[PDB]
Amino acid sequence: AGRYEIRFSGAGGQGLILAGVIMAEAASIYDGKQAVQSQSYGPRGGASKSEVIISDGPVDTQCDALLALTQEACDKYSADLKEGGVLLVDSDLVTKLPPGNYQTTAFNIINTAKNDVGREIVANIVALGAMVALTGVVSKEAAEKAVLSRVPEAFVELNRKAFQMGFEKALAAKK
Amino acid sequence: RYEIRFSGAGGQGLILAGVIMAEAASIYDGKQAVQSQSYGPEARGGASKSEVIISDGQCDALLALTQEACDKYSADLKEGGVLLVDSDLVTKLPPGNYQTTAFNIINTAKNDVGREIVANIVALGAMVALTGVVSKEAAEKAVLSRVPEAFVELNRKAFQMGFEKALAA
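Reading the values: the criteria
Residues numbered from 1 in each chain as written, not as in the entry; some residues may be left out. Chains lettered and ligands numbered in written order. Heavy atoms only, no water. Residues with missing side-chain atoms left out of burial classes, pairs and counts. Buried < 20%, exposed > 50% of the residue type's maximum accessible area, 1.4 Å probe, protein only. Helix = DSSP H or I, 4+ residues; strand = E, 2+ residues; numbered from the N terminus. Pairing = 2+ DSSP bridges. Contact = heavy atoms within 4.5 Å. Polar contact = N/O pair within 3.5 Å; in protein donor to acceptor, adjacent residues only side chain to side chain. Salt bridge = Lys/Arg side-chain N within 4 Å of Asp/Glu carboxyl O.

As summarised from the PDB record, the model derives from X-ray crystallography at a stated resolution of 2.193 Å.

Pasting the structure below:
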């Protein structure tokens, strides 16, 4: 057993809460684990984050993985990421990489969503596919079911595509 | 040091309502807040619960939109704690020294506003009226930033009606 913590950080309107929520429900509803999802407020602009903690057991410090969609998020949040932890950033926007030893993967998350899928707002779904690929914390099936259950029927193809592409590109971009 | 739980069936937007409370309290009221949902191995079955905590720097209030959620989390609610239920779905109340408000929250959404799926906002309006943990204007503003722009007015009415019926009940 053991708790595993992921943080999704970036900017306010990026859908970080939803990503957190999707990850939590992938683990518990679908993968049979326990999970807690949450976000703190207290000055609410600047770089922001939502958190998820998953465990084979009860899930009531340093995080194991971190998404940063903005330089600001990366600057603000990387210090918490444990050494050798998963660091996923957007490569267009996070151009200055942090000091520290991290399993670092970088790709055009936002632009994948915007240009490949053709729907910028689902960049968080791209990142979620990427985060699932890199951490292996939940099955691809669990995450896919969780993603698609939080999406409108009319946009269901685009989100599947975003998720798959995030998944694919993270695998190919990593060291 | 206030805690509020929004319970019902998954799909009723309990999470969104918690997020709104947190933002009303923090982005608009300058306070501190944390919002969260926890999930067990058995998560789909039954109901869903989200939580909000607001600071100046067992919970105090509980919303139950369904009678199952009212069976699950009722025990959790404090003594003399604010309790708010949909008087249509919760037709069997748990024993406890609760300060209770009960009306047709869902039916207010579906029958008066026109959209049943804004029930959470109706509940949210009622919650702010009772607890008084955030100013009305902060909750009204936080709602507007986080509902669909094109459903804005319906949501404003839902919040206002929940708030009204709450004080009237």
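The rest of the description comes next.
Draft legend 1. Focus on the pairing of strand β2 (residues 34–41) of chain A. Counted residue by residue, β2(A) has 6 buried out of 8 residues, so it is predominantly covered. Pairing analysis gives 7 bridges linking β2(A) to strand β2 (residues 32–39) of chain B, with the strands arranged antiparallel. By the bridge assignment, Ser40(A) is partnered in β2(B) with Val34(B).

Draft legend 2. Fine view of the environment of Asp116(A). Residues and elements named next belong to chain A. Relative to the helices and strands, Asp116 is located in helix α3 (residues 109–117). Accessibility expressed as a relative area gives 33% for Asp116, which makes it partly exposed. Each C-alpha atom of the pair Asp116 and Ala162 lies 8.4 Å from the other, and the pair is 46 residues apart in sequence. Setting aside chain neighbours within four positions, we find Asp116 in contact with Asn111, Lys161, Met165 and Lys169. Of the polar contacts made by the side chain of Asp116, one reaches the side chain of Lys169; its length is 2.9 Å.

Draft legend 3. Fine view of the pattern of salt bridges. Enumeration according to the criterion identifies 14 salt bridges over all chains in this entry. Residues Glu141(A) and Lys145(A) are paired through a salt bridge, measuring 3.6 Å at the closest nitrogen-oxygen approach. Of this pair, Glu141(A) and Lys145(A) both sit in helix α5 (residues 140–149), separated by 4 residues, roughly a single helical turn. Two residues, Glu153(B) and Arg156(B), come together in a salt bridge whose shortest N-O distance is 3.1 Å. Of this pair, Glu153(B) and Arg156(B) both sit in helix α6 (residues 152–168), 3 residues apart, which is roughly one turn of that helix. Taking relative accessible area as the criterion, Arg156(B) reaches 44% and is therefore assigned partly exposed. Counted as one network, the salt bridges with shared partners bring together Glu5(A), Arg7(A), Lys49(A), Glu51(A) and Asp80(A).

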